[PDB]
Structures are given as structure tokens and as C-alpha cells.
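Scroll down for the structure; my scribbles are underneath it.
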DNA sequence: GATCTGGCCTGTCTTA
DNA sequence: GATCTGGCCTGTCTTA
Ligand SMILES: [Zn+2]
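Chains as they are written, first to last, in UniProt numbering: chain A, 1 to 351; chain B, 1 to 351; chain C, 523 to 1029; chain D, 778 to 862.
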């Protein structure tokens, strides 16, 4: 366990409080640029490389085949790994664009060509969704499941803007938890099924999802109605049998109280959960290790890296996981005259 | 007959509207600077080197046995040429202290030692003046003369503050031309003789004096009574005999009208008057050549180096002569924010 | 317009005896262009500066003629018979001069002038009496709130850069001349119906350290010789702190310059600068050897801010900190001072953020940051020491308001310096901020001498600068020529007591 | 235009796509009447002729490649003159 | 050895 | 080769 300081070198004005790191085929790509894309990099996505403490961002270039994407802030990212037909995909839906609206449109992001010289072209394929469309939402999570042997996806959680009845230009900027109905989205075709369960009383937000072998575990998120941070861990088990994707669920005894957590995969399916917060005021310093098996998910705290007094005293913090037991954290910084760079960074690593 | 544009490199905050350039034994040293001396070079005198367009200023350090000097504004410099027993002399009196005052004390400034690597220590020596002392003044001129074959010095012109009885805090900063009496100062001893002038019914200032072979020529200068800039040049002739230094004088019919002129030596005694202000608004562009022979002063205009439109339109200009037909000029500048250098420079040369 | 003709200078008749030296006898002169007869010939040193000033004496007699009311009610309160014993007065005038940046030039006609503006002012601190003989001197009127911008009397208003000495002395030359000519002669005014006489005692106390240094010919501002009041070098004031003796005074500095120039002993530059203890220039103005309270506060506040910054990380543990960590420490320190104490970072630190920072409970939010326990106790203890010694030089008159802190100040400073050279030495080995030395050395002495300090602070000047900005917009003319004239006038009117009396509305 | 920029139905390349959508990279959040602003038009052209004057003082079109120094100089004589008259 | 790409650094422009 | 001195940069300090 260790952490070391990172200088953001040039162009540290690109990172906004929510954002997303896409780890695919080695190098990871930053996503969710602040504001609208500037033609310095019109694409909107950045390859990120960390060398000798320096954090450098490179300008990715989409393939001609691709649709272009707005810098969504806090979407549901679901990594789908390599298999037929076309690996490997990152499912981004739907976040909210630099203007205030919620996309509610799934995008499939994939690698294309390399290099020639250390160059990676990418392609985004938006997919049409018929339904029973998912309601526009953000902070929700999405996951990839495989049942005998068909692959589908599970979409749940998240806030949305108040429905267009209660909607009022005084209450316009308010949000509310969208109702608790899980959406099963086939990758292809675009059929989106909406089911509900009695076990799910309420909707959640920022609940970190773990997904393995036709089973999905939602950690305790943030419920906006009763303002609780449930220590109840949620499990669900789906199996797709012709012609219906039958679905079940169970509550668990013990689950974590943390919201906005960062899951960095280390082992086969074993993740290290950093967590963003214990409660509304006070962030979580504690680092936790979470593995999962067919029997169940098993929790073991490991000794957290010794935090510099700054990050221990910082009100807010965030980041992403570069994968391979390696992650990035970010600390907002007040200084005058403006640094200008708003965020100090630290790279964290396990073992 | 040409001008190279000069860069002030670093530290152009030193040079000030009036100042002096001492050319002795090769390299020329700058004298006088804005405000009081700063620790960087406490002496107040900088060596000047002009290489590849760069105008570089260096610290000069005095010998232990020497007095230290205030950064005088517009003193009377008399360069006393090599002979028994001690070359090379610069007679400086008395200028205006940066702390605003007139200094009546005369200083003899000279070379001491070198290098060991390119360093010239100097020595300043006050001279007590047995007098019949000169009234403290600025803009006056002083010159070295030899007669049969002993050497004395001639001091005349310039202004001074209103008489101390009649000076009122409203009229304090007002200034009048000091009375038309010449002061013959023996280098040693400190005897200073004051002498009336039947031919000169008025005092004057900024009159460039050119002294050859026991005769001194006063080129026209600004008179503050009638505010006229006489075309008439004024020659005087000094008779040194035992023990009376009796003094004659004469008016010359026609000469140049100039104020604050720069005399740059070229030939043996042939100096080119580099110009100055002809009137209270227009500044003389015309660069003029002056030989001095026993017969009389020989005066021919010379084709002036073509001026950049900047210096041609410049409200004011000043400078000094680096000798060997080489001189420096300076143009005040505006902009925003501060350049920082308040003065652009140009280097002029003959042939 | 014809109503204030009285309140301005150049109205009330007065005369000096014996007659002033080198000053006109005309008492009717109002606002005067301060250039004061510069011939403005192109050939000479140009006149680049606009200024306006009252002739000093006239401004004085108007100020005091305006205090006529308060000194008569004061005299009556004393039941000292008004008509008898009228000639023995003593007037103590605090004068102050401070510069101001970033004042934008006007398009105007001419002449060209720099951006920075210098405001020369004064205030009448007290007026007392002595005769028949016998008893002491006897206070009558004493300014109750000297720091207020309500009483600061502008005198010379200029556009001048503080850096150029030439012009600054050119314009302020006459003013100083009337002062040193005036100290000798006693004033005669017709007040309360009768002809009475005043002595003037001038104390310039309000100048900032850099200006004191630059008019006194010292090397500013970080030179090896720190104390304006003492001959101590930097390193010498490092080892020893709490024990010092004030030497530097005007006449001594003058004689010291004449040594520096004339140089009879012929020492090399290094040794000569050692002999005169760092006087490189002939001072012109005379300035009381006293300490500005405001800048002192800000100096110590910024030093403690720096100490905080160093204690956040561990400096004494690793002596050579990286730059990136230097900013990181600043970032978490200001984070903290936001979350607690409700404070936000500053570029230049105002004295207000110095008053929030200096308090103990402010040192509480930082005490939580430093991991080490004994360090946490050390700097806390330091700060309580500082709270104990601060009101001495901050408060107007400690001889009454805060006696015990005053009597214990020497011992308290001893304790302080000990604690610094004990745990903090790494940061004070060869270097001490000018003010920490000045506040740990010469304070008890000057409080013993002036009687009090902080009443003499630059604050009563400085504050006034605010007005100079608004009076340069609201009440300006507005063109370059007349502008200083009507700012100055309107300022004078703002300062007058006679009006404020009316604006009290008698409860 | 934006919907074309996003959907991008013709699978056209970025360099050329930008040509097709002609400069719209983002979804507009407000409607402003297609109209010019007077003020910054005045300031824009004013500062332009200031620039042309400046380059015109020294001879720019004879020697096309001026340095930093002759440019700063040109500015100095320009401003000195504008103030002087 | 030498491409290509991206890089920084420069380096100008335009609005602000 | 290798001092010297200065020269600039840097480096923190110290004032406004
Ligand atoms: Zn001292």
C-alpha cells in the first residue's frame, strides 16, 4: 500500500469534480472534460500517462465510423470484457452533458487502431433503445452479466430531475431519486426491459456495483428521501431463459455505508474499494479490500496508506481507478493567486 | 556617420535625464544615477561596455583611501589630460545631489589599479577650496588650461537656487542664473580667484566649453533672464604670470545656438558638437563639426545621420560622448505597462 | 461656495514671533501648486509632477483655529482662568506621509506623470499648557480617536513614484524647510477674543519602515542592518534579541553620512559601511525614532503564517523541502483557515486578516494540523505569549488601559525569544524579520519615552487613503490640472471638526 | 447542426466533419437574435487601426519581418505622438 | 537509419 | 590548465 504526489504538468484545467477513467487495453483514458470540448482536442477523451510523477494528458482521435460524445460528468460505466463479437467495450450511460440535461442514451466505446506511433484511435457507437426506454438518469450504475451463455446488462439507481409536472423554475435545479426499477438492456438488440421488485423499496445513488457470473452486488449508496447511507448490502441474481430474463434479489446482513466509492480491480475479481465518504460531512479515510465468490462477497479491511495531512483534512475528494491495483485520487486546492491548476493529485497503489 | 540601436539589457533604471560620461584611459564610466546609491554598487559609478548592441553596466569599486560620491545630476566635468605628476584627472563640480541640493565641493576623480582581471579601482579626492569660493551651482562649465607652462582651471556659468535671503517656500524651487564672474581654480593649491567680466553683462548655462592651449571657447547657452540662446560664441584668453593670473576676454561674432549640447572628441582637438536644443521646443537634428585652432574656431556643418522617426519626433533627448568620435543618445519612452526601461538608446559614430 | 471660505486655510489672520526664516509673511495664500516655482525649461531636469499643497503654517493655524471651540470648552472644564496664562501653550502634531500605487493616469493635456500618488498629511494629537511655571505641562485637548480617518489633515498631494528620490525631495523640500524653520518660532493667534501663543512639537511617527529608511538614507529594506533605531546587524540580532539600546537619531545619521562621504579613516567599502553602521545617504527630513504599529502587526502576522506553513509539514525533520510541497502546505493551511476561522487566502496580507489570524482560537484550527504534540503545545504557548505582548504597542495608552502586560513585557519578550531560539532555531539561526526584532527589542524603551505607541500608528494616515480614492471620483473636477486642487480642498473640509460637531446633532 | 455533429450519420472524418457542420461543436443553450454588437465593433476596429498605424510608422511592407524591438519602439513613438498632439 | 505523430515551445492572431 | 572576478541566475529572505 502506497501513495505518491503527482504534478499535473500542463493542462490541469480539464478535470471536473465528477469524471470517468476508462481502463482498456493497457493505457487508461480520462473522460468527462470540463465544459464543452475545445478544438485543442475536439474528441473529448484523453489518453492519460503517469511517468516519474508527471501526469500527462494526450489528445485521442475518434475513428470516422464513430459518433462524437459530449463530456458527460457522472455516468454509469460498465466495462464489458473481451469476447465475441467485438471486444472490448465500455458502456457509458447516461451521465449529464456540460449543459444541464441528462443524455439517457447508451454509448458503446471501443478501441480501433494503433499506433502508428503510440496512437490509439477510438470509436463510439451510440445504440438506439426501444421500450420501455430507461428514464434519463445519472449516478446510476450499469453492469455486465452472462446467463447461459447470453450476455445482457443490468441498469439501476441514480437521480433524475423532477418530472415535468412538479417541475418548477424555482425547483428546476432540484433532483430526486428516480424510481427503483431495474432495466435489463441487451447489448444488441436494443430491447430494454423494466422490472421492479418488492425487495427494492427505494432508489439509490452512487452505489458502487460489482458484477460477476450472473450476479450483481450493489454496495450501500446514498438515498435522498430518508437521507440514509444504507449499511444494507444488496444482491441480485439474474438468469436469461428463453424468452424472458427472469430476475431475483436478496438483501444482505452487512454492507458498507459509503457513497461515491472507487473500485480498483486487482486480482481476478477481487477489487480494492477506497470509498469517497462515510457520511454527509466526514469523508471515509479507511481503505477496504473486497473480494467476491460464488458463496458470497467477502470483506477484508487492509491498512490504508498513511495520508498526507492535506488529504486527511480535505473536505471533498474523488478520482478513478487506473486498474491493475493502481488508482488516482484528486484533491481540490484553495490558493491565491490562483495556482491556476485546481487539483493536486496522488497516485495510489496496492502491494 | 551612423547610429546603431542599443538594448539596455538588464537594469535600465539607473540612467537619468541629466548624467555624465567619463572617458578616461580606455573604457568610459557612467556617473550619476537615479536616487541614492544601492548596495549592488555603493560607489555610484558604473563602467560601461557596449558589445554586439548590448549596453552593459558594471560595478566600479573605489580605492580605500578615496572619498565616496553622491550621484550628482548635471555637474561641470573637466577632463584634465596626462602630465606631471598624476594622469588621468576628472574634475567634477558641483552638480545636484539626488537628495535635492547643490554641492559646492570639488572632486578629483581618477584611475588607480587593474586588473587583475578587468577591474578598475578608482580614487576620488575632495579638494578643500581656499576662497573666495565658487557659489554652489549646476549646468556651469569647467575647463583645464595651461599657460607658460603652469596649469590652472577656469569655472563659469550655470544656475543656482534663489539667494538664501530671498528664497521663499513658494519660490523655493525657482532658480536663477548665478552672477557672471569667472573662477580661476588652481588644481593645487586650493586658491579660487573670482574675476569680473566687463564683456559679459549676463550669466548663462548649459554652454558647452571647448578649451585649447590657454584659451577657452564658450559655445552659446540658455540665458534665463531674457530667455535667449545667443548665436554669439564667447572666447576668453587667460594670462598666468607671477603672481597674478590676470584674465582677458573677447566676443566672437557668429556661432551656433545650442543648449545641453554633447561635445564628442574625434581628432586631436576637433570635436563634433552633436547637437541639443536650438529653441524651447525644437531640438537640433543637425550634427556639426568643430575644429579649434589659434587663428580661430573652424566650424563646418556635417551631414547628420538619418534619424529614425522616433528620435526625430522625440520630445526630449540627452546623452554623452564615449570619445573617439563615438557617443551615446537616449530617448524617453512610453507604453503600458512600464517597458520597464524608461530609455531607449542609440550609439552614434563618425566616419 | 462662499460659506466654507472660512473653514479653508488662508482666511484667519496670524503671525509668528520671531518671524519665520525663509518663509513669506503673507497669510492669505490658499491652495498652492506644489511645484513651487519650477522653471520647467526643457533643458533642465523636467517637471513631470503635479502637486498641490497648503503653505504648512497656514494649514496649521486653520486646523488650530478650528480647534478653538474644543480648547475653549476644555479650558473652561479645567476652570483654568481663560483670559490669564494664555501664552504658554504646547502643540503636539503627528505628521505622516505614505504612498499609494495603481492610481490610473488621466488622458488630459499635460504633463506626463507616473501612476503612483503620494499623500502627505498631519493630525493634531494634543494641545497643552505650562505657565505660570511650576506644574509640568497640562493637557487640554487630546484627540480621542487618532486612527480615525475623520481626523487626518491632508497637506501635500502629489503624483510621484515612491522610488524616485529626486522628485520626492524636490516637492517635499519646501515643506520640510518650513517645519525645521518653524520649530524655533512660537505662533500667535487671535482666539477666544485674545492674542495667544503656541509652541509646536512635531513628531513624524506615521511613516512606514521603507519610507523612514529611504528618507533617512538607510539601505532598505532587507539589508544586514535591520534596526532603524539600533546599530545591530542581522546575525548579531540573531544570537541576542531582547537586549538592545536605541541609538539611531537624525543628527547622528547626518554626521554619519558626512563620515561616509568625507571618509577620514580611509577604510574599504565593506569596513566603511561597517563604521557608519549602514548609512549610505544624507537624510533630509527629521523623523522620530519610533515604531509603526500597523506594519508591525502585519509583519509578525506573516511571520507566524510562515511558521504555520512550516509546521504543517515537518520542516525540522526534513530541512530541505521541495517546492511542490511548499505549495501543498500552503493549500492545506488555507483550506483549514477556510473551514475553521472563516478566512480566505490573501496575496498581500491586510491587517484585518492579521487580527483574525493572531487570535488563539485561530491558532487552534492550525494546532489540529501539526501531528507532533509538543510542537502543538509550543506554538500555542508562543501565540498566547504574543497575545500578552500585543496590546502594549497596539493599544493607544497602555499606562492605564493595560498596565500589567506593560510591566511584564520585558520578561515576556525574554520568554518568547528563548522559545524561538529553542525549538524554532532552524528558521532563526542567521535571519530575523525586521519587525520581530523591533517588537522584541525596542518596544519597552519607546513606550517609556513617548508615553505610548499605536496612537502614533500609520493607521490615521493610511485609512485616509480610502477617501483619496473616492474623492478622486465623486468629488473630482475632473481634469489633470484642477483635480488635485479640489480633492485636497474637499478632503480638508471632510477633516474639519467644526462640521463634525454639527453632524453629531448633540445626541 | 449539433445533432449532425453528434449522430454523425455519414461516418465522415473529424477534419472534414467540422467543415460540414461548419464550426458547431456544441449544443446551444440560448437563442440570440443574429445581430452584431456596436461597442466591441467600435473597439475591435479602433484597436485594428491602432495596429495598422503602429506597423505603418516603421516600414513594414518593405521589410516584412520586424523584430520585437523595432515593434516595441514603433509603439513608443506612436503613443508618445498621440499624447503630444 | 528515418518516417510519423505528437510534443512542446514558440508565435502569431482574435476576443476579452 | 585554472585562478580571479564578475555576472547572471537562482534562491530565499524582507519590505511595500
Ligand atoms: Zn534595534
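Beta carbons are placed, not taken as given, at the ideal position from N, Cα and C, and that holds for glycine.
Q: Let me know if residue 159(A) comes out buried or exposed under the rule of 16 or more other beta-carbons within 10 Å of its beta-carbon.
A: buried
Q) What are the residues of the segment 306-317 of chain B that lie near chain D, defined by any Cβ-Cβ distance shorter than 8 angstroms? A) 308, 309, 310, 313, 314 and 315
Q. Within this structure, are the beta carbons of residue 358(A) and residue 48(A) separated by less than 8 angstroms?
A. Limits of chain A in this structure are 1 at one end and 351 at the other, which puts residue 358(A) out of reach.
Q) Counting contacts by CB-CB distance shorter than 8 angstroms, is residue 170(B) in contact with chain C? A) yes
Q: Check the Cβ-Cβ distances between residue 848(D) and every residue of chain B, and say whether any is below 8 angstroms.
A: no
Q: Scan the segment 64-94 of chain A for residues whose Cβ lies nearer than 9 angstroms to a Cβ of chain D and list them as they occur along the chain.
A: 64, 65, 66, 67, 68, 69 and 70
Q) At a Cβ cut of 8 angstroms, what residues of the segment 8-41 of chain B count as close to chain C, listed as they run along the chain? A) 16, 17, 18, 34, 35, 36, 37, 38 and 39
Q.
Which complete beta strand (DSSP E) runs does the segment 15-43 of chain B hold, if anything under 3 residues is left out?
A. 20-23 and 28-31
(Q) Can you tell me whether residue 963(C) sits near ligand 1, meaning its C-beta is under 7 angstroms from at least one heavy atom of the ligand? (A) yes
Q. Within the chosen definition, does the segment 67-79 of chain B reach the segment 101-119 of chain B through at least 3 CB pairs nearer than 8 angstroms?
A. yes
(Q) Helix, strand or coil for residue 829(C)? Go by DSSP, reduced to three states. (A) helix
Q. Would you say residue 751(C) touches ligand 2, meaning its beta carbon is less than 7 angstroms from a heavy atom?
A. Absent from the structure shown: ligand 2. Ligands present: ligand 1.
(Q) Is there a Cβ of chain B sitting closer than 8 angstroms to that of residue 834(D), yes or no? (A) yes
Q) Just how far apart, CA to CA, sit residue 728(C) and residue 172(A)? A) 57 angstroms
Q) At a cut-off of 7 angstroms, is residue 817(C) close to ligand 1 when judged by its beta-carbon and the heavy atoms of the ligand? A) no
Q: Classify residue 524(C) as helix, strand or coil using the three-state DSSP reduction.
A: coil
Q. What residues from the segment 114-126 of chain B come within 8 angstroms of chain C, judged by C-beta to C-beta, listed N to C?
A. 126
Q. CA-CA distance, residue 867(C) and residue 17(A)?
A. 22 angstroms
Q. Looking at the structure shown, is residue 202(B) part of a helix, part of a strand, or coil, going by DSSP?
A. coil
Q: Could you check if residue 337(A) is buried or exposed, using at least 16 other CB atoms within 10 Å of its CB as the buried criterion?
A: exposed
Q: Find out if the Cβ-Cβ distance for the pair residue 570(C), residue 613(C) is shorter than 8 angstroms.
A: no
Q.
Please state the DSSP three-state secondary structure of residue 935(C).
A. helix
Q. Where do the ends of the beta strand (DSSP E) carrying residue 312(B) lie?
A. Not the beta strand (DSSP E): residue 312(B) falls in the alpha helix (DSSP H), residues 309-313.
Q | Contained alpha helix (DSSP H) runs [length at least 4] in the segment 553-620 of chain C, N- to C-terminal order | A | 578-588 and 590-600
Q: Compare the C-beta of residue 560(C) against all C-beta atoms of chain B and say whether one is closer than 8 angstroms.
A: yes
Q. By how many angstroms is the C-alpha of residue 228(A) removed from the C-alpha of residue 27(A)?
A. 37 angstroms
Q.
Please identify the residue among 135(A), 54(A) and 281(A) whose C-alpha is closest to the C-alpha of residue 194(A).
A. 135(A)
Q) Any idea if residue 108(B) is buried or exposed, counting beta-carbon neighbours within 10 angstroms, 16 or more meaning buried? A) buried
Q | Distance, residue 806(D) Cα to residue 813(D) Cα | A | 19 angstroms
**Q.** Proximity winner among 196(B), 200(B), 66(B) and 220(B), relative to residue 206(B) (alpha-carbon distances)
**A.** 220(B)
Q | residue 766(C) beta carbon near ligand 1 (any heavy atom closer than 7 angstroms) | A | yes
Q.
For a cutoff of 8 angstroms on Cβ pairs, would you count residue 845(D) as touching chain A?
A. no
Q. Is the segment 576-590 of chain C in contact with the segment 675-695 of chain C, if contact means three or more CB pairs nearer than 8 angstroms?
A. yes
Q. How big is the Cα-Cα spacing for residue 1039(C) and residue 669(C)?
A. Not covered by the structure: residue 1039(C). The range shown for chain C is 523 to 1029.
Q: Could you tell me if the beta carbon of residue 754(C) falls within a distance shorter than 7 angstroms of some heavy atom in ligand 1?
A: yes
Q: Count the other CB atoms, across all protein chains shown, that sit within 10 Å of the CB of residue 246(A); report buried if there are 16 or more and exposed otherwise.
A: exposed
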